[PDB]
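> What follows is a single structure, and I will ask about it in a moment.
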Protein chains: 2
Amino acid sequence: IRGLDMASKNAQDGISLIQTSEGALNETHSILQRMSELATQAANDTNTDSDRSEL
Amino acid sequence: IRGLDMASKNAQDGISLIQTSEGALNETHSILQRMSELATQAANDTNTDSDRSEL
């Protein structure tokens, strides 16, 4: 009993360790999402190299 | 979705690039049109070389 109630803390201390990781990758998604708009804009040929290098 | 809404800006930035070009050739037409009257007038033989060179 004192093992399952303590192993329930370990299971919840692993839930926190995992929420932190996916919470962080939640933002790598948004950065990668914005990073993809600055390649559909850079692919247009109305841009100049002064503006592609600006992106 | 963020690609099609950005690729819709590229399509409209190409519409502007193309309107500028044909807007410019709109005047090369008028100059070429006037330039053709100063060859039906210069072809008449009541003109003298003092007036052909004047045209």
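Residue names in the structure tokens use chain letters A, B, ... in the order shown, residue numbers from 1 in each chain, and ligand numbers from 1 in the order shown.
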Identify every residue of chain A that has at least one atom within 7 Å of any atom of chain B, counting only C-alpha atoms, and report the result as a count of residues only.
5
> Could you give me the residues within chain B that DSSP places in alpha helix (DSSP H), as a PDB file with N, CA, C and O atoms, in the first residue's frame?

ATOM      1  N   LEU B   4      -1.862  29.126 -48.122  1.00  0.00           N
ATOM      2  CA  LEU B   4      -2.761  29.608 -49.162  1.00  0.00           C
ATOM      3  C   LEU B   4      -3.122  31.069 -48.967  1.00  0.00           C
ATOM      4  O   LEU B   4      -3.342  31.782 -49.948  1.00  0.00           O
ATOM      5  N   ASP B   5      -3.214  31.529 -47.723  1.00  0.00           N
ATOM      6  CA  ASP B   5      -3.498  32.942 -47.516  1.00  0.00           C
ATOM      7  C   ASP B   5      -2.278  33.802 -47.802  1.00  0.00           C
ATOM      8  O   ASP B   5      -2.421  34.981 -48.135  1.00  0.00           O
ATOM      9  N   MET B   6      -1.082  33.236 -47.678  1.00  0.00           N
ATOM     10  CA  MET B   6       0.125  33.943 -48.077  1.00  0.00           C
ATOM     11  C   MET B   6       0.398  33.795 -49.564  1.00  0.00           C
ATOM     12  O   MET B   6       0.813  34.757 -50.214  1.00  0.00           O
ATOM     13  N   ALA B   7       0.154  32.612 -50.125  1.00  0.00           N
ATOM     14  CA  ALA B   7       0.239  32.448 -51.567  1.00  0.00           C
ATOM     15  C   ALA B   7      -0.817  33.248 -52.304  1.00  0.00           C
ATOM     16  O   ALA B   7      -0.685  33.449 -53.511  1.00  0.00           O
ATOM     17  N   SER B   8      -1.863  33.690 -51.617  1.00  0.00           N
ATOM     18  CA  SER B   8      -2.797  34.636 -52.198  1.00  0.00           C
ATOM     19  C   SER B   8      -2.250  36.050 -52.211  1.00  0.00           C
ATOM     20  O   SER B   8      -2.699  36.867 -53.021  1.00  0.00           O
ATOM     21  N   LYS B   9      -1.304  36.365 -51.327  1.00  0.00           N
ATOM     22  CA  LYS B   9      -0.604  37.639 -51.423  1.00  0.00           C
ATOM     23  C   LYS B   9       0.387  37.624 -52.575  1.00  0.00           C
ATOM     24  O   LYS B   9       0.520  38.616 -53.297  1.00  0.00           O
ATOM     25  N   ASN B  10       1.094  36.510 -52.761  1.00  0.00           N
ATOM     26  CA  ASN B  10       2.015  36.398 -53.883  1.00  0.00           C
ATOM     27  C   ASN B  10       1.277  36.509 -55.206  1.00  0.00           C
ATOM     28  O   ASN B  10       1.754  37.162 -56.138  1.00  0.00           O
ATOM     29  N   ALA B  11       0.114  35.871 -55.311  1.00  0.00           N
ATOM     30  CA  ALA B  11      -0.669  35.980 -56.533  1.00  0.00           C
ATOM     31  C   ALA B  11      -1.104  37.411 -56.782  1.00  0.00           C
ATOM     32  O   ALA B  11      -1.187  37.840 -57.934  1.00  0.00           O
ATOM     33  N   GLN B  12      -1.386  38.163 -55.726  1.00  0.00           N
ATOM     34  CA  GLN B  12      -1.777  39.551 -55.899  1.00  0.00           C
ATOM     35  C   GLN B  12      -0.590  40.486 -56.042  1.00  0.00           C
ATOM     36  O   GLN B  12      -0.735  41.554 -56.640  1.00  0.00           O
ATOM     37  N   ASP B  13       0.570  40.116 -55.514  1.00  0.00           N
ATOM     38  CA  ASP B  13       1.784  40.863 -55.800  1.00  0.00           C
ATOM     39  C   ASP B  13       2.319  40.578 -57.190  1.00  0.00           C
ATOM     40  O   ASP B  13       3.207  41.297 -57.653  1.00  0.00           O
ATOM     41  N   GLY B  14       1.809  39.553 -57.860  1.00  0.00           N
ATOM     42  CA  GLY B  14       2.153  39.307 -59.241  1.00  0.00           C
ATOM     43  C   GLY B  14       1.160  39.984 -60.154  1.00  0.00           C
ATOM     44  O   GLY B  14       1.489  40.346 -61.283  1.00  0.00           O
ATOM     45  N   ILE B  15      -0.069  40.154 -59.672  1.00  0.00           N
ATOM     46  CA  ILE B  15      -1.051  40.924 -60.422  1.00  0.00           C
ATOM     47  C   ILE B  15      -0.620  42.374 -60.510  1.00  0.00           C
ATOM     48  O   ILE B  15      -0.809  43.029 -61.540  1.00  0.00           O
ATOM     49  N   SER B  16      -0.026  42.900 -59.440  1.00  0.00           N
ATOM     50  CA  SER B  16       0.475  44.267 -59.462  1.00  0.00           C
ATOM     51  C   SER B  16       1.696  44.393 -60.360  1.00  0.00           C
ATOM     52  O   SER B  16       1.836  45.380 -61.088  1.00  0.00           O
ATOM     53  N   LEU B  17       2.594  43.411 -60.315  1.00  0.00           N
ATOM     54  CA  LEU B  17       3.770  43.451 -61.175  1.00  0.00           C
ATOM     55  C   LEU B  17       3.388  43.388 -62.642  1.00  0.00           C
ATOM     56  O   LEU B  17       4.095  43.931 -63.493  1.00  0.00           O
ATOM     57  N   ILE B  18       2.281  42.729 -62.957  1.00  0.00           N
ATOM     58  CA  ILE B  18       1.861  42.583 -64.338  1.00  0.00           C
ATOM     59  C   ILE B  18       1.047  43.781 -64.801  1.00  0.00           C
ATOM     60  O   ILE B  18       1.154  44.191 -65.959  1.00  0.00           O
ATOM     61  N   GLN B  19       0.241  44.360 -63.914  1.00  0.00           N
ATOM     62  CA  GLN B  19      -0.484  45.575 -64.259  1.00  0.00           C
ATOM     63  C   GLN B  19       0.475  46.712 -64.562  1.00  0.00           C
ATOM     64  O   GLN B  19       0.200  47.553 -65.424  1.00  0.00           O
ATOM     65  N   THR B  20       1.600  46.764 -63.852  1.00  0.00           N
ATOM     66  CA  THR B  20       2.588  47.802 -64.111  1.00  0.00           C
ATOM     67  C   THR B  20       3.175  47.668 -65.508  1.00  0.00           C
ATOM     68  O   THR B  20       3.351  48.667 -66.212  1.00  0.00           O
ATOM     69  N   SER B  21       3.481  46.442 -65.931  1.00  0.00           N
ATOM     70  CA  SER B  21       4.086  46.245 -67.241  1.00  0.00           C
ATOM     71  C   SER B  21       3.119  46.604 -68.359  1.00  0.00           C
ATOM     72  O   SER B  21       3.463  47.369 -69.266  1.00  0.00           O
ATOM     73  N   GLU B  22       1.903  46.064 -68.316  1.00  0.00           N
ATOM     74  CA  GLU B  22       0.956  46.372 -69.379  1.00  0.00           C
ATOM     75  C   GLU B  22       0.476  47.811 -69.286  1.00  0.00           C
ATOM     76  O   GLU B  22       0.148  48.417 -70.309  1.00  0.00           O
ATOM     77  N   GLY B  23       0.462  48.387 -68.088  1.00  0.00           N
ATOM     78  CA  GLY B  23       0.206  49.810 -67.981  1.00  0.00           C
ATOM     79  C   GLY B  23       1.254  50.632 -68.704  1.00  0.00           C
ATOM     80  O   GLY B  23       0.944  51.661 -69.305  1.00  0.00           O
ATOM     81  N   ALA B  24       2.508  50.187 -68.654  1.00  0.00           N
ATOM     82  CA  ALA B  24       3.570  50.876 -69.377  1.00  0.00           C
ATOM     83  C   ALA B  24       3.425  50.682 -70.877  1.00  0.00           C
ATOM     84  O   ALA B  24       3.520  51.640 -71.647  1.00  0.00           O
ATOM     85  N   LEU B  25       3.182  49.422 -71.344  1.00  0.00           N
ATOM     86  CA  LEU B  25       2.983  49.207 -72.765  1.00  0.00           C
ATOM     87  C   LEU B  25       1.720  49.858 -73.281  1.00  0.00           C
ATOM     88  O   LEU B  25       1.541  49.942 -74.493  1.00  0.00           O
ATOM     89  N   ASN B  26       0.823  50.277 -72.403  1.00  0.00           N
ATOM     90  CA  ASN B  26      -0.313  51.060 -72.854  1.00  0.00           C
ATOM     91  C   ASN B  26       0.127  52.329 -73.543  1.00  0.00           C
ATOM     92  O   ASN B  26      -0.581  52.834 -74.412  1.00  0.00           O
ATOM     93  N   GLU B  27       1.273  52.870 -73.163  1.00  0.00           N
ATOM     94  CA  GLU B  27       1.771  54.098 -73.756  1.00  0.00           C
ATOM     95  C   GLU B  27       2.689  53.858 -74.922  1.00  0.00           C
ATOM     96  O   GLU B  27       2.692  54.656 -75.852  1.00  0.00           O
ATOM     97  N   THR B  28       3.458  52.779 -74.913  1.00  0.00           N
ATOM     98  CA  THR B  28       4.170  52.412 -76.118  1.00  0.00           C
ATOM     99  C   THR B  28       3.219  52.205 -77.275  1.00  0.00           C
ATOM    100  O   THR B  28       3.608  52.391 -78.421  1.00  0.00           O
ATOM    101  N   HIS B  29       1.973  51.868 -77.010  1.00  0.00           N
ATOM    102  CA  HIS B  29       1.010  51.819 -78.094  1.00  0.00           C
ATOM    103  C   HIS B  29       0.679  53.197 -78.621  1.00  0.00           C
ATOM    104  O   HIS B  29       0.519  53.371 -79.827  1.00  0.00           O
ATOM    105  N   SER B  30       0.522  54.175 -77.742  1.00  0.00           N
ATOM    106  CA  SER B  30       0.148  55.501 -78.200  1.00  0.00           C
ATOM    107  C   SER B  30       1.298  56.195 -78.891  1.00  0.00           C
ATOM    108  O   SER B  30       1.079  57.003 -79.790  1.00  0.00           O
ATOM    109  N   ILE B  31       2.487  55.943 -78.418  1.00  0.00           N
ATOM    110  CA  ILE B  31       3.636  56.525 -79.096  1.00  0.00           C
ATOM    111  C   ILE B  31       3.820  55.892 -80.463  1.00  0.00           C
ATOM    112  O   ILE B  31       4.074  56.583 -81.451  1.00  0.00           O
ATOM    113  N   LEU B  32       3.692  54.570 -80.547  1.00  0.00           N
ATOM    114  CA  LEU B  32       3.763  53.904 -81.840  1.00  0.00           C
ATOM    115  C   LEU B  32       2.620  54.323 -82.746  1.00  0.00           C
ATOM    116  O   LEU B  32       2.766  54.312 -83.972  1.00  0.00           O
ATOM    117  N   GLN B  33       1.477  54.677 -82.171  1.00  0.00           N
ATOM    118  CA  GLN B  33       0.347  55.104 -82.984  1.00  0.00           C
ATOM    119  C   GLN B  33       0.596  56.482 -83.573  1.00  0.00           C
ATOM    120  O   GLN B  33       0.336  56.715 -84.756  1.00  0.00           O
ATOM    121  N   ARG B  34       1.092  57.409 -82.755  1.00  0.00           N
ATOM    122  CA  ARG B  34       1.496  58.715 -83.259  1.00  0.00           C
ATOM    123  C   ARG B  34       2.678  58.591 -84.202  1.00  0.00           C
ATOM    124  O   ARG B  34       2.763  59.313 -85.198  1.00  0.00           O
ATOM    125  N   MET B  35       3.595  57.677 -83.904  1.00  0.00           N
ATOM    126  CA  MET B  35       4.761  57.482 -84.747  1.00  0.00           C
ATOM    127  C   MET B  35       4.387  56.980 -86.127  1.00  0.00           C
ATOM    128  O   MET B  35       5.201  57.067 -87.047  1.00  0.00           O
ATOM    129  N   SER B  36       3.181  56.452 -86.292  1.00  0.00           N
ATOM    130  CA  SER B  36       2.718  55.988 -87.589  1.00  0.00           C
ATOM    131  C   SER B  36       2.056  57.082 -88.409  1.00  0.00           C
ATOM    132  O   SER B  36       2.013  56.972 -89.637  1.00  0.00           O
ATOM    133  N   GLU B  37       1.523  58.120 -87.767  1.00  0.00           N
ATOM    134  CA  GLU B  37       1.069  59.284 -88.512  1.00  0.00           C
ATOM    135  C   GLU B  37       2.242  60.062 -89.082  1.00  0.00           C
ATOM    136  O   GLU B  37       2.155  60.592 -90.192  1.00  0.00           O
ATOM    137  N   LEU B  38       3.345  60.147 -88.351  1.00  0.00           N
ATOM    138  CA  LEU B  38       4.537  60.750 -88.930  1.00  0.00           C
ATOM    139  C   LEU B  38       5.301  59.763 -89.782  1.00  0.00           C
ATOM    140  O   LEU B  38       6.523  59.681 -89.710  1.00  0.00           O
ATOM    141  N   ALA B  39       4.589  58.983 -90.578  1.00  0.00           N
ATOM    142  CA  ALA B  39       5.151  58.300 -91.730  1.00  0.00           C
ATOM    143  C   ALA B  39       4.195  58.275 -92.899  1.00  0.00           C
ATOM    144  O   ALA B  39       4.634  58.041 -94.028  1.00  0.00           O
ATOM    145  N   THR B  40       2.905  58.510 -92.671  1.00  0.00           N
ATOM    146  CA  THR B  40       1.968  58.747 -93.752  1.00  0.00           C
ATOM    147  C   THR B  40       2.020  60.192 -94.198  1.00  0.00           C
ATOM    148  O   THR B  40       1.686  60.501 -95.345  1.00  0.00           O
ATOM    149  N   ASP B  49      12.531  67.991 -98.183  1.00  0.00           N
ATOM    150  CA  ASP B  49      13.475  67.429 -97.227  1.00  0.00           C
ATOM    151  C   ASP B  49      13.635  68.327 -96.012  1.00  0.00           C
ATOM    152  O   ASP B  49      13.932  67.842 -94.916  1.00  0.00           O
ATOM    153  N   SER B  50      13.435  69.633 -96.181  1.00  0.00           N
ATOM    154  CA  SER B  50      13.421  70.532 -95.038  1.00  0.00           C
ATOM    155  C   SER B  50      12.276  70.224 -94.087  1.00  0.00           C
ATOM    156  O   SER B  50      12.356  70.571 -92.905  1.00  0.00           O
ATOM    157  N   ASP B  51      11.217  69.582 -94.572  1.00  0.00           N
ATOM    158  CA  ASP B  51      10.060  69.240 -93.759  1.00  0.00           C
ATOM    159  C   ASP B  51       9.995  67.776 -93.380  1.00  0.00           C
ATOM    160  O   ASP B  51       9.414  67.447 -92.349  1.00  0.00           O
ATOM    161  N   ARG B  52      10.557  66.885 -94.194  1.00  0.00           N
ATOM    162  CA  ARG B  52      10.721  65.508 -93.754  1.00  0.00           C
ATOM    163  C   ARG B  52      11.698  65.437 -92.591  1.00  0.00           C
ATOM    164  O   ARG B  52      11.432  64.775 -91.583  1.00  0.00           O
TER     165      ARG B  52
END
